[PDB]
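1. In their complex positions, the first chains:
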Amino acid sequence: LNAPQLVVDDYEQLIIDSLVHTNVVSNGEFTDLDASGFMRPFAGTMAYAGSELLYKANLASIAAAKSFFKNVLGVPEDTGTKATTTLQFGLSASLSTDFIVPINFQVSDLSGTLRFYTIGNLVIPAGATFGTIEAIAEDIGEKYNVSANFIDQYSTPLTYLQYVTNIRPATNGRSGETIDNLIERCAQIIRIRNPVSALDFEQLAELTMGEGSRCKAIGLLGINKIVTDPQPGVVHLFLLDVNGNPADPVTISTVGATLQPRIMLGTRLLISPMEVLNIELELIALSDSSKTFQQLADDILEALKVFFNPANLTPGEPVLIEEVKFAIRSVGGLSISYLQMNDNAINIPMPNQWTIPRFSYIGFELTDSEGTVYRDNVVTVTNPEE
């Protein structure tokens, strides 16, 4: 966190300050104040120990805070999350007996460097030539997050087994959470008792939903979803599942069952799926030639995907063109000349309080000093009708 600094331990600063203070104390008898002079060995020897000790002395407050967060709260340390996907095992022919794809069945891509393992045993019933099961990455890290139809090779040639694929893109593969999200999660645990605010409801619902979900809580909103008619004793929840889509009714029911023993007796809880607004971007920018046009394109792509992450977005809040331009420019090596959002350069208001943005198309027009204008169109949604 942001613990205030107790003392100075910059190695060089300690040497210089030691020479200056020795001159001050001696009353001018000590005149060797050169930081690189003949007194450098003595002052440097002292400053080595001084720095290595004061560095640890400066950690007292943060150590106390972390001890509080670790012992009394007992928050778990996130080593990293392995990416998980949903495989699909097809057989060669319709068998007369049940077929089993064993647990820990290794699958990979064409390269063979990315390897997943089945979560459990997969039982394809007799007559069916088909089954589906979840799989987990071999190791943690964000490089196991792969797109759909990317895992197709299985190393062990099991009999009667014809093919394997993944119907979902592998997601939620991480190499460790951030400090700020850890702090926020610690604080919410301190305050979640008896959900009473929009925040409490939103954090509780998306805590029970999973990592990568979104909640929006609105008070006094009936099933007609009309703000001008407020009904006291009503809480409306809008959900976006872990996959980033509006919530499956099964997820709706699960969240409702989880939150039922926690709502105030007599009040009414309403839960409905969220809405998504498609954002179409057009960028005209000037590059400094420090990167190739493809490098700038993919850098801006990842920057926007981080920016338009539902975890980074607040439902119902407008998308500001200045914020998007800052996010794009933060990539570096370019100058933004013009940005259009949905055929306009103005801020976009969301249709209602529960609509989250999702950006789908980005049009690149990147000129450079030489004069080569790189123009490109990129769709980001999974549109099969492109």
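-> Perfect, I can see it now. Numbering: from 1, shown residues only, chains lettered A, B, ... in the order given.

2. so what's the spatially closest residue to residue A:131 that is not a sequence neighbour bridging to?
-> Using C-beta to C-beta, 6 or more residues apart in numbering and skipping the chain neighbours, the partner closest in space to residue A:131 is residue A:124 (3.9 Å). No exception for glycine: its C-beta is placed from N, CA and C like everyone else's. Beta-bridge partners recorded for residue A:124 (DSSP bridges): residue A:99.

3. can you pull the contacts of residue A:124?
-> A:89, A:91, A:95, A:98, A:99, A:100, A:101, A:130, A:131 (C-beta atoms under 8 Å, 6 or more residues apart in numbering).

4. ok so residue A:128 is a helix residue?
-> No: Residue A:128: not assigned to a helix; according to DSSP: H, G, I helix; E, B strand; the rest coil it is coil.

5. Can you give me the neighbour number for the residue nearest to it when sequence neighbours are not counted?
-> Of all residues not flanking residue A:128 in the chain, residue A:94 sits nearest, at 7.5 Å (C-beta to C-beta, 6+ apart). Using other C-beta atoms under 10 Å, residue A:94 has 13 neighbouring residues.

6. Relative to residue A:124, how far out is residue A:94?
-> Here the distance between residue A:94 and residue A:124 works out to 10 Å (C-beta to C-beta, to the nearest Å).

7. which residues in the stretch 1-150 of chain A form strands?
-> Counting by DSSP state E, counting those that start in this stretch, the segments of the stretch 1-150 of chain A that form strands are A:84-91, A:99-101, A:106-108, A:115-118, A:122-124, A:130-137.

8. Quick check: which of these is nearest to residue A:184?
-> Closest approach to residue A:184 among those is made by strand A:84-91 (24.0 Å; C-beta to C-beta).

9. Provide a list of residues in contact with the residue lying closest to residue A:127 once chain neighbours are set aside.
-> Among residues not flanking residue A:127 along the chain, residue A:94 sits closest, at 5.8 Å (C-beta to C-beta, 6+ apart). By C-beta under 8 Å, 6+ apart, the contact set of residue A:94 is A:127, A:128, A:129.

10. from those, which is closest to residue A:53?
-> In terms of C-beta to C-beta, no member of these lies closer to residue A:53 than residue A:128, at 69.3 Å.

11. and that closest one, how many residues sit next to it?
-> Residue A:128 has 13 neighbours, counted by other C-beta under 10 Å.

12. Chain B follows; place it on the structure:
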Amino acid sequence: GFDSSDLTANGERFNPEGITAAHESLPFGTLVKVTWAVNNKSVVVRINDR
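-> Chain B added:
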């Protein structure tokens, strides 16, 4: 009543927009060319349901 909630005899969710067909006696995965005599147009379907 055949929607994406029904399960084919193959074991996959019925896709109404898919190029598939149900045959009474063919093994699943068999590729059948179906030619419509009106326009002499042929499409290959995969037998998955029964």
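
13. The contacts of residue A:124 again please, this time with chain B.
-> Residue A:124 makes contacts with A:89, A:91, A:95, A:98, A:99, A:100, A:101, A:130, A:131, B:11, as judged by C-beta atoms under 8 Å, 6 or more residues apart in numbering or on different chains.

14. Residue A:88 too?
-> A:130, A:131, A:132, A:164, A:165, A:166, A:167.

15. beta partners of it?
-> Counting by DSSP bridges, the residues bridging with residue A:88 are residue A:132, residue A:165.

16. Going by proximity to chain A, name the top residue of chain B.
-> Here chain B gets closest to chain A at one residue, residue B:11, 3.3 Å apart by C-beta to the nearest C-beta.

17. Can you pull the phi/psi pair for that residue?
-> Backbone geometry at residue B:11, expressed as degrees, to the nearest 10, gives phi 120, psi 10.

18. Can you get me a residue count around the nearest residue to residue A:260 once chain neighbours are set aside?
-> Once flanking residues are discounted, residue A:260 sits nearest to residue A:269: 7.3 Å by C-beta to C-beta, 6 or more residues apart in numbering or on different chains. By other C-beta atoms under 10 Å in any protein chain shown, 18 other residues sit near residue A:269.

19. show me the contacts for residue A:269.
-> Per C-beta under 8 Å, 6+ apart, neighbours of residue A:269: A:234, A:235, A:237, A:256, A:259, A:260, A:263.

20. So which of these sit within helices?
-> Counting by DSSP state H, those place A:256, A:259 in helices.

21. Up against chain B, what does chain A have?
-> A:93, A:94, A:124, A:125, A:127, A:128, A:129, A:130, A:131 (C-beta under 8 Å from any C-beta of the partner chain).

22. residue nearest the centroid of the chain?
-> Since no chain was named, I'll use chain A. Closest residue to the average C-alpha location of chain A: residue A:311 at 6.5 Å, with C-alpha atoms, centre = their mean.

23. Switch to chain B, please.
-> residue B:21 (1.4 Å).

24. and that residue, how far is that from residue B:14?
-> For residue B:21, the distance to residue B:14 equals 12 Å [C-beta to C-beta].

25. shared neighbours of those two, which are they?
-> Common neighbours of residue B:21 and residue B:14 (C-beta under 8 Å, 6+ apart) are residue B:49.

26. Shouldn't residue A:252 be within a strand?
-> No: using three-state DSSP, the secondary structure at residue A:252 is helix, not a strand.

27. How about it: what's its closest non-neighbour residue?
-> Leaving out its chain neighbours, the residue that sits closest to residue A:252 by C-beta to C-beta, 6+ apart is residue A:271, at 5.1 Å.

28. Go ahead and add chain C:
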Amino acid sequence: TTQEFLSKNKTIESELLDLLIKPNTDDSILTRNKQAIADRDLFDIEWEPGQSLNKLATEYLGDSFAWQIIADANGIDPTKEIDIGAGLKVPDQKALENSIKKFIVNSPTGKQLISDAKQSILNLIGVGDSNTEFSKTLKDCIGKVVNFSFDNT
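-> If we add chain C to the chains shown above, we get the following:
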């Protein structure tokens, strides 16, 4: 569409999330000095003029930097003045836990520290594991990892 949900009393899907705050006294700045030694290995001495923790560490323990062991044994601030004729507890060198650093000299990283050698790569408690209930119970009592036989017979 959307469904209404009315206050329940007990539902299992909240029962999973109910447990959230788990106080666990594990490694941290305060849980360092959790083990104390009784008087079976301590020395009840008096504080005399000219005494210091450095002198007690040098005499009784033989190491100048061992004074923390004395301080940890008494729960006192060394920078705060000890009255003359006050009873201090000095640990004896004969009955002490050796503070020798344990290493694995052959590691994928070459050399590395270990504190217990049970949460390290040297734990073979899961090697060759057959998830049958029988093997787990024998792991718990004696720690039998490998089976000495596998005969058909």
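
29. Re-run the earlier check on the nearest residue to residue A:128 with chain C in the model.
-> Among residues not flanking residue A:128 along the chain, residue B:11 sits closest, at 3.3 Å (C-beta to C-beta, 6+ apart).

30. Closest residue of chain A to chain C?
-> At 3.2 Å from chain C, residue A:272 is the closest residue in chain A, using C-beta to the nearest C-beta.

31. what about that residue, neighbour count?
-> Neighbours of residue A:272 (other C-beta under 10 Å): 20.

32. tell me the SS of it?
-> Secondary structure assignment for residue A:272 (three-state DSSP): strand.

33. Now do it against chain B, distance only.
-> When distance is defined by C-beta to the nearest C-beta, to the nearest Å, residue A:272 is 21 Å away from chain B.

34. so that residue sits right up against residue A:236, yeah?
-> Yes: with contact defined as C-beta atoms under 8 Å, residue A:272 reaches residue A:236; the gap is 6.9 Å.

35. shared neighbours of the two, anything?
-> Contacts common to residue A:272 and residue A:236, judged by C-beta under 8 Å, 6+ apart, are A:225, C:2.

36. Could you list the buried residues of stretch A:122-142?
-> Using 16 or more other C-beta atoms under 10 Å in any protein chain shown as the test for burial, stretch A:122-142 gives A:122, A:124, A:128-133, A:135-137, A:140-141.

37. how long is that stretch from one end to the other?
-> Using C-alpha to C-alpha, to the nearest Å, one end of stretch A:122-142 lies 27 Å from the other.

38. same question, stretch A:53-62
-> Across stretch A:53-62, first to last residue, C-alpha to C-alpha, it's 16 Å.

39. swap in stretch C:123-137?
-> One end of stretch C:123-137 to the other measures 18 Å (C-alpha to C-alpha).

40. Buried residues in that stretch, which are they?
-> For stretch C:123-137, by 16+ other C-beta under 10 Å, it's residue C:135.

41. From residue A:237, how far off is the residue of chain A closest to chain C?
-> From residue A:272 to residue A:237 the distance is 7 Å (C-beta to C-beta).

42. ok, residue A:164 touching residue A:89?
-> Yes: between residue A:164 and residue A:89 there is a contact at 5.3 Å, judged by C-beta under 8 Å.

43. Around the closest residue to residue C:127 other than its chain neighbours, how many other residues sit close by?
-> Excluding the flanking residues, the one nearest residue C:127 by C-beta to C-beta, 6+ apart is residue C:145, at 6.0 Å. Using other C-beta under 10 Å, the number of residues around residue C:145 comes to 15.
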